[PDB]
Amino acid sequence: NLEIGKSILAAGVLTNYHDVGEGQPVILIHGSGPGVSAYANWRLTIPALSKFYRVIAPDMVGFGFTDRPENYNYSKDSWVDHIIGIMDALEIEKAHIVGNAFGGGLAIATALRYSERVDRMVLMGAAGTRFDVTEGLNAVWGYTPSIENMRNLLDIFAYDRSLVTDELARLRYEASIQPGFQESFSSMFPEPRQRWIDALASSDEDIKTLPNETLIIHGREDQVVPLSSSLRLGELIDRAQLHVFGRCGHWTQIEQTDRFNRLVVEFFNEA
């Protein structure tokens, strides 16, 4: 299973992660869909970025193959603590961070609590602001296992549905039913789910204080997190750039891979 990589103790949690490349560190933080893992999210991103940067992609506690501590208290702050724990464990003093959706909210929160540890940020279809729950997100977080339910989620995630094959639905369904995965997932974002969008968000006041050069990316057709959310982040973050891809959903790094990789690499190269 290529989703399983290296192991390291971070913030007291045995953590699964990938570490490829040399030089300036870049932390990639995955999203929050069922069966998600750092590899599943970043498999096409790591190869491109690792040619010029040291890329670290961990499975956040509660997701992927990282340990799921009994009675663990999941929260925005706890996840930030995990990210910082991972950085501390790897002697990563300052790094750029690429946050995908759920991970984008964590990236913002990390930059706010540990400004000295974060350089540039890339926020993709990111959490971070209070937006009204979408049917797409409610379906994603309300997932129950089945190939048809996963097919629907895959359709919700991408613009080009022709990319959603029976094989892909089958493989992701299998990923979602791995030991303890659905158990922790279904209890992670219970109804009413608006509470979790709000919990993952940072206040307008706090976001305005971010001094980091930031690249906000969004797919025009994103059915999970509305484009309006990234427009708002763009109004709040001073040193920001927004890049919206037409004919693109909530899976930008996979749907517009080459464009995405070029944009991100050049953005970091600027530093």
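Just count from 1 along the sequence shown to find any residue number.
Mean CA temperature factor is higher for 40-48 when stretches 40-48 and 213-221 are set side by side in the entry. Once the C-alpha B-factors are averaged per stretch, 200-208 and 64-72 rank with 64-72 first. Across 162, 100, 182, 146, the entry's maximum B-factor at the CA atom is seen for 162. Each of 134, 176, 129, 194 has a CA temperature factor in the record; the biggest one is found at 129.
Placement of the Cα temperature factor of residue 247 within the chain: lowest third of the modelled residues, per the deposited record.
Compared with the other modelled residues of the chain, the Cα B-factor recorded for residue 16 ranks in the lowest third. Residue-level temperature factors show residue 121 in the lowest third of its chain, judged at the C-alpha atom. Ranked within its chain, residue 166 lands in the highest third, by CA B factor from the PDB record. The entry lists a Cα temperature factor for residue 91 that places it in the lowest third of the chain's modelled residues.
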